[PDB]
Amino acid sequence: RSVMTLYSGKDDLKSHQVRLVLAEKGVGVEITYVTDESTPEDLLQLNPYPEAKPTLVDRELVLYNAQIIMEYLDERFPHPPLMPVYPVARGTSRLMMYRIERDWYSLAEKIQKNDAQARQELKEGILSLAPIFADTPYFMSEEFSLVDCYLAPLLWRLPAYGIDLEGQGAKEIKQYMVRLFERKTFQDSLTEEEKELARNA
C-alpha cells in the first residue's frame, strides 16, 4: 500500500515515542513488530546498526534514530505543532530532549537490570520537575510537545520501574501524568504489552 511502514518494538521506550507522535499526527501507518529473538531480513538490510527499532520506511526514504523520525514527522505533518516556532524555544526543547535521553533513558536501562541506585536517581530527578508544572501544564510549554513525548513513555513505565512517588512534588507530577495519559492519542499508541505494565505491576 501507499502507506508508511514502521518497524517497532512491542515494549521499547523509543518505539513508543514514534507511535505516540504518529497518533498525535493522526496518520495511519503499517506497524511490523520486531523482537530481540528475531529481527526480519527486510529490516536487516534497511538498518545497519545493532539496535534496529524504531525504523520508519516511506517510499524511497528510510529513517532510523527516534528523534530524527519524530522531527521528520513534525516537518512532514505540521498539524498539530509538536515543536515551538521561535528558534530559542526550539533550542531549549531539543536540549531538554537531549538531557532526557542522556540522563534518564540511560537510568531506565539500568533499572530494568534492577539497579537500585538508578531507581532512586530517576525518582529524585522526576520529583525535581515539580516547580515547572506549577507554571505550564506541559513541559515548559502551554501546549503538548515532543518533550512530553519523551516523558510520557518514561512516566508510564514507573510502576514497572518500581518507582512510587511520594513527598513534596508528587501531587504536581501525578497531575502532569493525568494530563499526559488521559489523552486519546496516548491510549491509542499503547501496545498490549505496554498496557500490561500498569495493571500487573
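Counting begins at 1, following the sequence as shown.
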| item | value |
| --- | --- |
| Residue stretch of maximal mean CA temperature factor, 35 to 43 vs 129 to 137 | 35 to 43 |
| Residue of maximum C-alpha B factor among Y176, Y161, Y64, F144, per deposited coordinates | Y161 |
| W156 - Cα temperature factor, lowest/middle/highest third of chain | middle |
| Chain-wide C-alpha B factor ranking for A108, given as lowest, middle or highest third | highest |
| Entry-reported Cα temperature factor of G167, expressed as the chain third it lands in | highest |
| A118 by Cα B-factor - lowest, middle or highest third of the modelled chain | lowest |
| Entry-reported Cα temperature factor of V29, expressed as the chain third it lands in | middle |
